[PDB]
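Quick heads-up: it's one chain on its own, the form deposited in one PDB entry, in structure tokens.
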């Protein structure tokens, strides 16, 4: 997983650890445009870095068109996660530009659902290998050059599941919760979850049975899938394999 630091040239800041652009000189002699995420670990012990290196070995062997690839790691002693570059950027920002001229056109419902299928397919790939994201959101979903969504940033209380707020436990269904919110952001084209509610009022809001409201133009069939991911009991929540097929079935039922 480790790559020689001399093969990496850094540049601008893309986000703020932090994120940086760069050029990875491959083995075939060609320079590849890549993103570089810094990692602030606790160097008081080799506990965090061990788990970081273990995941890197697995995150590199992954191969799926709806899951971001991991190129390797570079040491300066801070590590740096090397990832592919995405000129189209994240999905959340793309949804905000769509509601503005000059930028993308008004995204139809058919295109919005395709994003959900991709994300679902990405999480379905990780679920089979028992890999948790623990940070699923629209801001984390990047767009490939062929306009296909891919999950990323897998090492925000309104994205965390109710059980993960009390017992602070994280299972596969905890990502289904975040996936449910992700579907809400896409349908709403970049709205912040739970308008009117603060981050410190969430645990009591959800515990009382309240959930994210249904959008104005959102179909009743889609909200049911979105609401099924927010059920109090994680066991009652569906898996990504189910959600993936449900969205595909609803997608094909629509015209072009």
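Residue numbers count along the first chain shown, from 1. Only residues modelled in both forms are compared. In this text, rigid core is short for the largest set of C-alphas that superpose within 1.5 Å between two forms.
- In at least one third of the other compared structures of this protein with flanking residues present, residue 41 is left unmodelled.
- In the comparison with other entries of the same protein, residue 17 is left without coordinates in at least one third of those covering both sides of it.
- According to the record, the deposited sequence contains no missing residues between residue 167 and residue 168, so the chain is continuous there.
- Gap between residue 16 and residue 17: 1 to 3 deposited residues without coordinates.
- The stretch with the higher mean CA B factor, choosing between 22-30 and 36-44, is 36-44.
- Of the two segments, 53-61 and 225-233, the one listed with the higher mean B-factor is 53-61 (C-alpha atoms only).
- Note on 198, 214, 66, 188: the highest value goes to 198, judged by CA B factor as recorded.
- Comparing the C-alpha B-factors of 84, 108, 72, 77 in the entry, the top value falls on 77.
- Annotation for residue 146: C-alpha temperature factor in the middle third relative to the rest of the modelled chain, per the entry.
- Among the modelled residues of the chain, residue 128 sits in the highest third by CA temperature factor in this PDB entry.
- Annotation for residue 159: C-alpha temperature factor in the highest third relative to the rest of the modelled chain, per the entry.
- Among the modelled residues of the chain, residue 104 sits in the highest third by CA temperature factor in this PDB entry.
- In this PDB entry, residue 90 carries a Cα temperature factor that places it within the lowest third of its chain's modelled residues.
Although it is not shown, the form deposited in another entry is what the next lines describe.
- Put the two forms on the same core and the Cα of residue 63 is off by less than 2 Å between this form and the one not shown.
- Core-superposed comparison between this form and the one not shown: CA of residue 220 displaced by less than 2 Å.
- Fitting the two forms on the rigid core leaves the C-alpha of residue 210 displaced by under 2 angstroms between this form and the one not shown.
- In comparison with the shown form, the Cα-Cα distance of residue 28 and residue 62 increases by at least 3 angstroms in the other entry.
- Expansion of the residue 48-residue 179 CA spacing by 3 Å or more is recorded in the other entry, set against this form.
- Segments of 3 or more consecutive residues in which every C-alpha moves by 2 Å or more between this form and the one not shown, counting only residues present in both forms and fitting on the core, are 26-30, 40-46, 48-51.
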